[PDB]
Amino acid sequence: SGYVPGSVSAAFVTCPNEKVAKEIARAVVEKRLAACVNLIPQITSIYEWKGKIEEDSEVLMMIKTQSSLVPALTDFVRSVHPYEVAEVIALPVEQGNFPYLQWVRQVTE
C-alpha cells in the first residue's frame, strides 16, 4: 500500500537520566501510545536560567508514533515526567519505508 504524509510523527523528549528515560519508554510502548523509542545517552542540555547558563546531563528520547496520538502521548509523558515542564516536540514524517510506517500504525492502533 501507500503512506499518508504526516500520519506518523517523531517526538523528542529529554529526561534527566537513563533510569527515567527507560521507565517512560517502556510504559508508552506498553500502553501502545508509541511503537518505538530510541534512547540517546550522554546528552548535554544548555539553556539560560536565572540569568546564568546551565549545562545539564540528560538523555534524549526519539519516539515514533501515530501523529494523531501525540496529544495523548504528551499527556502521559507530562503526568509521569519529573520536570514541571517537560520538553516534548513532535515532527511529521513525510516519507520513509512504507512497511515500517505501516507497522508503527498497526502496533499503536
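Residues carry their position along the shown sequence, with the first being 1.
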key: Residue stretch of maximal mean CA temperature factor, 79-87 vs 61-69   = 79-87
key: Chain-relative CA temperature factor third for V13   = lowest
query = Hey, what third does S1 fall into on Cα B-factor, ranked over its chain?
reply = highest
note = Chain-relative C-alpha B factor for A25 (record values, thirds): the middle
task = Would you check the entry's CA temperature factor for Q106 and let me know if it's in the chain's lowest, middle or highest third?
result = highest
